[PDB]
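See structure below.
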Amino acid sequence: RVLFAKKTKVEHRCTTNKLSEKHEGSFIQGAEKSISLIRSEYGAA
Amino acid sequence: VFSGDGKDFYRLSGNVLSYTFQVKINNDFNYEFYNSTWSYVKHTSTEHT
Ligand SMILES: *[C@@H]1O[C@H](CO)[C@@H](O[C@@H]2O[C@H](CO)[C@@H](O)[C@H](O)[C@H]2NC(C)=O)[C@H](O)[C@H]1NC(C)=O
């Protein structure tokens, strides 16, 4: 401002950004096989 | 024929050539176990003023 007049200017700007990603991995597996031969019928137990 | 894995006595025949009392038995086991899993998570956010 100078004689005679008045000027005023205001400017405001803000930004915000956020990102989140999560991934988890877990797995289990197992196999078991077997064979046999055995030479009364009570032994079949 | 004497007592083999059974009662007191059995009776054979002329046509039958043999009766045997030998024990043999076979067994097998093939076990398989599987278990898969999946877990995916995604998130996004955007704000502007
Ligand atoms: C499936 O996955 C599970 C892993 O959690 C395997 O076995 C589990 O073992 C725990 C041990 O304490 C027990 O409490 C669970 O109850 C079991 N799972 C189930 C579903 O009973 C299991 O071997 C895998 N495969 C299958 C179930 O076929």
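No lab work stands behind these numbers, since they all come straight from the coordinates. All Cβ positions, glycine included, derive from the backbone under ideal geometry; neighbour counts span all protein chains shown.
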Exactly one condition in (1) surrounded by fewer than 10 Cβ atoms within 10 Å (Cβ to Cβ); (2) at the interface with chain B (Cβ under 7 Å from one of its Cβ atoms); (3) closer than 30 Å to B:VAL23 by Cβ is not met by A:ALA45; state its number.
-> (2)
For region B:21-40, state whether one or more residues are more than 9 Å from every other protein chain (Cβ to nearest Cβ), over 18 Å from A:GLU41 (Cα atoms), in a loop (DSSP other than H, G, I, E, B) and among the polar types (S, T, N, Q).
-> no
Report, ordered by the first and then the second residue, all pairs with beta carbons closer than 6 Å, sequence separation of six or more or different chains, a first member in region A:1-26 that is of a type outside the set (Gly, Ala, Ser), and a second member that is assigned to a strand (DSSP E or B).
-> A:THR15/B:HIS48; A:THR16/B:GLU47; A:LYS18/B:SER45; A:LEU19/B:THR44; A:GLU21/B:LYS42; A:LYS22/B:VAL41; A:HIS23/B:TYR40
Among all residue pairs at least 6 apart or on different chains, which show Cβ distances below 7 Å where the first residue, located in region B:13-41, is within 16 Å of the ligand (Cβ to nearest atom) and the second is not in a strand (DSSP E or B)?
-> B:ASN35/A:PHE27; B:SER36/A:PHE27; B:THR37/A:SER26; B:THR37/A:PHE27; B:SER39/A:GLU24
When restricted to A:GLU32, A:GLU21, the only residue within 7 Å of chain B (Cβ to nearest Cβ), of a type in the set (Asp, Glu), in contact with a strand residue (DSSP E or B) (Cβ under 9 Å, 6 or more places away or on another chain) and more than 16 Å from the ligand (Cβ to nearest atom) is A:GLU21
